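Before any comments, here is the structure.
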Amino acid sequence: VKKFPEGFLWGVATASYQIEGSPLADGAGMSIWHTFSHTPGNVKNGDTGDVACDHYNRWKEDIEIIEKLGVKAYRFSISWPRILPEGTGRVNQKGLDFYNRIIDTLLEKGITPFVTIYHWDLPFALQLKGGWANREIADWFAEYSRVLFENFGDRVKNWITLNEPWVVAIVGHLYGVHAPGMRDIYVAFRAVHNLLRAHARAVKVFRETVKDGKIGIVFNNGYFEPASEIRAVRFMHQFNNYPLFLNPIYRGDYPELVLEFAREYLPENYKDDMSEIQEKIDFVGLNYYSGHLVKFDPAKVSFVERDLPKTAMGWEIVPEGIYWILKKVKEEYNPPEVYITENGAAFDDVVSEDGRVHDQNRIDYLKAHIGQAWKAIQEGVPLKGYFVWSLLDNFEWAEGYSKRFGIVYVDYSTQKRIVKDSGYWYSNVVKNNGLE
Ligand SMILES: OC[C@H]1NC[C@H](O)[C@@H](O)[C@@H]1O
């Protein structure tokens, strides 16, 4: 048996645009993911977030599922454009009402809300003004955060500024694969820097407004391994993983190898912001899915395909990664608290004739990673919680509905939810506070 500490937080996680649908209901402004997915060629099968899981109407059902599974925490995000349809200025009471009902319901049912303030659905109005490229987004983000803290900070006490700011910056603004779909490296690194400045301004506002809660930030992380016998691994870790952001937050500069590669792309006087960026945070959130074999390649980095089980994303399954990254964050920055804020897998789920989804592959994946997380706890990592991505099959960004990450299956023709074997399994882990 592998039992977790008392009070350890078992959660599931979603994001607004991936599940809600009704992106323009009740006065909401367009987000950059509305406009990006309605642009031909950007998302697989022409999929959009217009309907998704219809969580906008079905929220009560979905939460009742969380309750019924005895899951203790729900990580969800708020749609900035539902709250402030032009990004700044006017506040939309019906947007506040929607999340208010969700929050109050969670608290009634004894589930701890973890709110992601930004999970990628930037108001379109602000993209017109440059979005993450514009230094002014630090103010816009502060104002938005303020509104949330003022309206919800009486009940929500666990907050996350940004989800995966590397993805926001690099995949949105260099690769052009995510909204706003840009391919400019100088824009991409100004977005990195402004994400940090916006994150830090929101923390500062938080200290002024919600004097009894906790705030952190979530990073994507891969477990990079070298193809032979190492510096490419070093760069990938410093660039793709938490150090890009944590080195500024804890040490006041970007990591060495990031500067080696990217100095020319950062603002000239970027160091002038670093003291503000060092605003103290309460926890680090790490997302982790996959491992990668890496080699130098005259980026100067390429991936090497390996044997190894893969998911439907083609991501290699390497459970020891989650242990490595947990050990590595403690070793490198020693944050007071850590959460695994996302871990999960996409498989080609089928509803069997018995009416059930026999996702033994997802159970195996989750089990292995939870065991590795447990190990890190035994070896001193202050892991306070673990969140499964995702509660529901949902809109998987540029992959559309073709990648199912849920522990609950969604039949999109009817919106029926069918708890998967992995969900039932996870429920028992939560009840038991660990593996048996
Ligand atoms: O790709 C899987 C998962 N990765 C991390 C992102 O937070 C989430 O939105 C996405 O669905």
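FYI, nothing fancy with the structure tokens labels: chains A, B, ... in order, residues from 1 per chain, ligands from 1 as they appear.
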
Do you have, as CSV, the list of residues of chain A lying at most 8 Å from ligand 1, each with its nearest atom pair and that distance in Å to one decimal, counting only C-alpha atoms and all ligand atoms and ordered by chain then number?
residue,atom,partner,partner_atom_place_in_ligand_line,distance
A:14,CA,ligand 1,9 (O),7.3
A:15,CA,ligand 1,9 (O),6.2
A:18,CA,ligand 1,9 (O),7.2
A:119,CA,ligand 1,7 (O),7.0
A:163,CA,ligand 1,7 (O),6.0
A:164,CA,ligand 1,7 (O),6.2
A:220,CA,ligand 1,5 (C),6.8
A:287,CA,ligand 1,5 (C),6.9
A:289,CA,ligand 1,4 (N),7.7
A:342,CA,ligand 1,5 (C),6.9
A:344,CA,ligand 1,2 (C),7.6
A:345,CA,ligand 1,2 (C),7.7
A:389,CA,ligand 1,3 (C),6.9
A:390,CA,ligand 1,11 (O),7.6
A:394,CA,ligand 1,11 (O),7.8
A:395,CA,ligand 1,11 (O),7.6
A:396,CA,ligand 1,11 (O),5.2
A:397,CA,ligand 1,11 (O),6.9
A:405,CA,ligand 1,2 (C),7.4

TODO: Determine which residues of region 152-256 of chain A DSSP labels as alpha helix (DSSP H) from the backbone of this structure, then write them out as a VMD selection string.
DONE: chain A and resid 152 165 to 166 172 to 173 185 to 209 231 to 240 243 to 246 256

Kindly provide the residues of region 328-434 of chain A that approach region 52-63 of chain A to within 12 Å, each paired with its closest atom pair and their distance in Å to one decimal, based on only C-alpha atoms, listed by chain and increasing number, as JSON lines.
{"residue": "A:390", "atom": "CA", "partner": "A:62", "partner_atom": "CA", "distance": 12.0}
{"residue": "A:391", "atom": "CA", "partner": "A:62", "partner_atom": "CA", "distance": 8.5}
{"residue": "A:392", "atom": "CA", "partner": "A:53", "partner_atom": "CA", "distance": 7.8}
{"residue": "A:393", "atom": "CA", "partner": "A:53", "partner_atom": "CA", "distance": 7.8}
{"residue": "A:394", "atom": "CA", "partner": "A:52", "partner_atom": "CA", "distance": 6.2}
{"residue": "A:395", "atom": "CA", "partner": "A:52", "partner_atom": "CA", "distance": 6.0}
{"residue": "A:396", "atom": "CA", "partner": "A:52", "partner_atom": "CA", "distance": 9.8}
{"residue": "A:397", "atom": "CA", "partner": "A:52", "partner_atom": "CA", "distance": 11.0}
{"residue": "A:400", "atom": "CA", "partner": "A:52", "partner_atom": "CA", "distance": 9.3}
{"residue": "A:401", "atom": "CA", "partner": "A:52", "partner_atom": "CA", "distance": 8.0}
{"residue": "A:402", "atom": "CA", "partner": "A:52", "partner_atom": "CA", "distance": 11.8}
{"residue": "A:404", "atom": "CA", "partner": "A:53", "partner_atom": "CA", "distance": 11.8}
{"residue": "A:406", "atom": "CA", "partner": "A:53", "partner_atom": "CA", "distance": 11.1}
{"residue": "A:407", "atom": "CA", "partner": "A:62", "partner_atom": "CA", "distance": 11.9}
{"residue": "A:408", "atom": "CA", "partner": "A:62", "partner_atom": "CA", "distance": 9.5}
{"residue": "A:409", "atom": "CA", "partner": "A:53", "partner_atom": "CA", "distance": 10.1}
{"residue": "A:410", "atom": "CA", "partner": "A:53", "partner_atom": "CA", "distance": 7.0}
{"residue": "A:411", "atom": "CA", "partner": "A:53", "partner_atom": "CA", "distance": 8.8}
{"residue": "A:412", "atom": "CA", "partner": "A:53", "partner_atom": "CA", "distance": 7.1}
{"residue": "A:413", "atom": "CA", "partner": "A:53", "partner_atom": "CA", "distance": 10.2}
{"residue": "A:414", "atom": "CA", "partner": "A:53", "partner_atom": "CA", "distance": 9.8}
{"residue": "A:415", "atom": "CA", "partner": "A:53", "partner_atom": "CA", "distance": 6.5}
{"residue": "A:416", "atom": "CA", "partner": "A:53", "partner_atom": "CA", "distance": 9.2}
{"residue": "A:417", "atom": "CA", "partner": "A:62", "partner_atom": "CA", "distance": 8.4}
{"residue": "A:418", "atom": "CA", "partner": "A:62", "partner_atom": "CA", "distance": 11.0}
{"residue": "A:419", "atom": "CA", "partner": "A:62", "partner_atom": "CA", "distance": 10.8}

Using only C-alpha atoms, which residues of region 236-318 of chain A come within 9 Å of region 170-187 of chain A, and what is the closest atom pair for each, with the distance in Å to one decimal? Give it as JSON lines, sorted by chain and residue number.
{"residue": "A:262", "atom": "CA", "partner": "A:185", "partner_atom": "CA", "distance": 8.9}
{"residue": "A:264", "atom": "CA", "partner": "A:186", "partner_atom": "CA", "distance": 8.1}
{"residue": "A:265", "atom": "CA", "partner": "A:186", "partner_atom": "CA", "distance": 4.6}
{"residue": "A:266", "atom": "CA", "partner": "A:186", "partner_atom": "CA", "distance": 6.8}
{"residue": "A:267", "atom": "CA", "partner": "A:186", "partner_atom": "CA", "distance": 8.6}

Task: DSSP strand (DSSP E) selection over region 215-422 of chain A, as JSON, numbers by chain - done: {"A": [215, 216, 217, 218, 219, 223, 224, 225, 226, 283, 284, 285, 286, 287, 291, 292, 293, 294, 295, 296, 301, 302, 303, 304, 338, 339, 340, 341, 342, 383, 384, 385, 386, 387, 388, 389, 408, 409, 410, 411, 416, 417, 418, 419]}

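Between residue 422 (chain A) and the candidates A:20, A:359, A:50, A:229, the tightest atom-to-atom separation, counting only C-alpha atoms, involves A:359.
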
- [ ] Please identify all polymer residues within 10 Å of region 88-105 of chain A, counting only C-alpha atoms, omitting same-chain residues fewer than 6 positions from it, and present them as an MDAnalysis selection string.
- [x] chainID A and resid 25:29 56:57 59:60 63:64 74 76:82 111:115 123 125:126 137 139:144 147:148 151:152 155:156

May I have the residues from that selection written out with N, CA and C atoms, as a short mmCIF file (atom, residue, chain, number, x, y, z; two decimals), in the first residue's frame?
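Contents of the output file part-v4.cif:
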data_model
loop_
_atom_site.label_atom_id
_atom_site.label_comp_id
_atom_site.auth_asym_id
_atom_site.auth_seq_id
_atom_site.Cartn_x
_atom_site.Cartn_y
_atom_site.Cartn_z
N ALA A 25 -22.62 33.60 -24.77
CA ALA A 25 -23.84 33.70 -23.95
C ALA A 25 -23.73 34.80 -22.87
N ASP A 26 -24.87 35.41 -22.56
CA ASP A 26 -25.03 36.30 -21.42
C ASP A 26 -24.03 37.44 -21.38
N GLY A 27 -23.83 38.08 -22.52
CA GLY A 27 -22.96 39.25 -22.60
C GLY A 27 -21.46 39.02 -22.69
N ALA A 28 -21.01 37.76 -22.74
CA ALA A 28 -19.57 37.48 -22.84
C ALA A 28 -18.96 38.10 -24.10
N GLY A 29 -17.73 38.60 -24.00
CA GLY A 29 -16.99 39.03 -25.19
C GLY A 29 -16.31 37.82 -25.84
N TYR A 56 -21.54 24.93 -19.59
CA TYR A 56 -22.19 26.20 -19.29
C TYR A 56 -23.64 25.97 -18.81
N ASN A 57 -24.28 24.92 -19.33
CA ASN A 57 -25.64 24.55 -18.91
C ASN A 57 -25.68 23.34 -17.96
N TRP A 59 -23.27 22.35 -15.70
CA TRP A 59 -22.34 22.47 -14.59
C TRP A 59 -22.77 21.72 -13.32
N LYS A 60 -24.05 21.77 -12.99
CA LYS A 60 -24.56 21.17 -11.75
C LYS A 60 -24.36 19.66 -11.80
N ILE A 63 -20.51 18.79 -11.43
CA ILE A 63 -20.09 18.91 -10.03
C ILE A 63 -20.67 17.74 -9.19
N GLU A 64 -21.96 17.44 -9.35
CA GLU A 64 -22.57 16.25 -8.73
C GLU A 64 -21.75 14.98 -9.01
N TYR A 74 -11.55 20.78 -6.97
CA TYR A 74 -11.83 20.99 -8.38
C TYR A 74 -11.03 22.20 -8.84
N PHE A 76 -10.60 24.55 -11.84
CA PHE A 76 -11.29 25.06 -13.01
C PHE A 76 -10.80 26.47 -13.31
N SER A 77 -11.02 26.93 -14.54
CA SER A 77 -10.57 28.28 -14.88
C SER A 77 -11.74 29.17 -15.15
N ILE A 78 -11.48 30.46 -15.06
CA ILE A 78 -12.46 31.48 -15.36
C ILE A 78 -12.16 32.13 -16.71
N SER A 79 -13.21 32.28 -17.51
CA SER A 79 -13.14 32.95 -18.79
C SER A 79 -13.06 34.47 -18.61
N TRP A 80 -11.87 35.03 -18.84
CA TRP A 80 -11.68 36.48 -18.70
C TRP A 80 -12.78 37.25 -19.45
N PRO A 81 -13.06 36.91 -20.73
CA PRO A 81 -14.09 37.67 -21.44
C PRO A 81 -15.54 37.52 -20.93
N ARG A 82 -15.88 36.45 -20.19
CA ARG A 82 -17.21 36.43 -19.51
C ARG A 82 -17.33 37.50 -18.42
N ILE A 111 -16.26 20.45 -1.63
CA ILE A 111 -15.15 20.37 -2.61
C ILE A 111 -14.37 21.70 -2.64
N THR A 112 -13.04 21.62 -2.54
CA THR A 112 -12.18 22.81 -2.50
C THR A 112 -11.94 23.39 -3.91
N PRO A 113 -12.39 24.63 -4.16
CA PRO A 113 -12.11 25.22 -5.47
C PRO A 113 -10.67 25.69 -5.61
N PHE A 114 -10.03 25.30 -6.70
CA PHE A 114 -8.75 25.88 -7.14
C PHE A 114 -9.00 26.63 -8.44
N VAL A 115 -8.91 27.96 -8.41
CA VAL A 115 -9.26 28.75 -9.59
C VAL A 115 -8.03 29.16 -10.41
N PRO A 123 -9.41 37.80 -23.71
CA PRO A 123 -10.41 38.58 -24.44
C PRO A 123 -9.85 39.04 -25.79
N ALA A 125 -10.71 41.60 -27.46
CA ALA A 125 -10.53 43.05 -27.44
C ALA A 125 -9.10 43.41 -27.05
N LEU A 126 -8.51 42.65 -26.14
CA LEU A 126 -7.15 42.90 -25.72
C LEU A 126 -6.10 42.39 -26.71
N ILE A 137 -0.52 44.76 -20.62
CA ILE A 137 -1.27 43.61 -20.13
C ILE A 137 -1.01 43.33 -18.62
N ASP A 139 -1.07 45.60 -16.33
CA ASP A 139 -2.19 46.38 -15.73
C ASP A 139 -3.54 45.74 -16.00
N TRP A 140 -3.76 45.30 -17.24
CA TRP A 140 -5.06 44.71 -17.60
C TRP A 140 -5.31 43.45 -16.76
N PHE A 141 -4.28 42.63 -16.64
CA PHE A 141 -4.32 41.40 -15.85
C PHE A 141 -4.55 41.66 -14.37
N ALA A 142 -3.89 42.70 -13.83
CA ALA A 142 -4.07 43.13 -12.44
C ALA A 142 -5.53 43.52 -12.16
N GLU A 143 -6.09 44.35 -13.03
CA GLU A 143 -7.48 44.79 -12.94
C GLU A 143 -8.49 43.61 -12.97
N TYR A 144 -8.26 42.69 -13.90
CA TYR A 144 -9.04 41.46 -14.01
C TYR A 144 -8.92 40.62 -12.72
N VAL A 147 -10.85 42.11 -9.80
CA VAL A 147 -12.27 41.85 -9.88
C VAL A 147 -12.59 40.46 -9.32
N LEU A 148 -11.79 39.45 -9.69
CA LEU A 148 -12.01 38.08 -9.21
C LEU A 148 -11.82 37.98 -7.69
N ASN A 151 -14.69 39.70 -5.85
CA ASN A 151 -15.97 39.01 -5.95
C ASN A 151 -15.99 37.61 -5.34
N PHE A 152 -14.86 36.90 -5.40
CA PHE A 152 -14.79 35.49 -5.04
C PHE A 152 -13.81 35.14 -3.92
N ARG A 155 -14.65 33.32 -0.66
CA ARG A 155 -14.92 31.90 -0.71
C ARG A 155 -13.80 31.06 -1.34
N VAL A 156 -13.22 31.52 -2.44
CA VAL A 156 -12.06 30.85 -3.03
C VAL A 156 -10.78 31.34 -2.35
#

Task: Nearest candidate to residue 356 (chain A) (options A:424, A:268, A:228, A:6; using only C-alpha atoms) - done: A:424
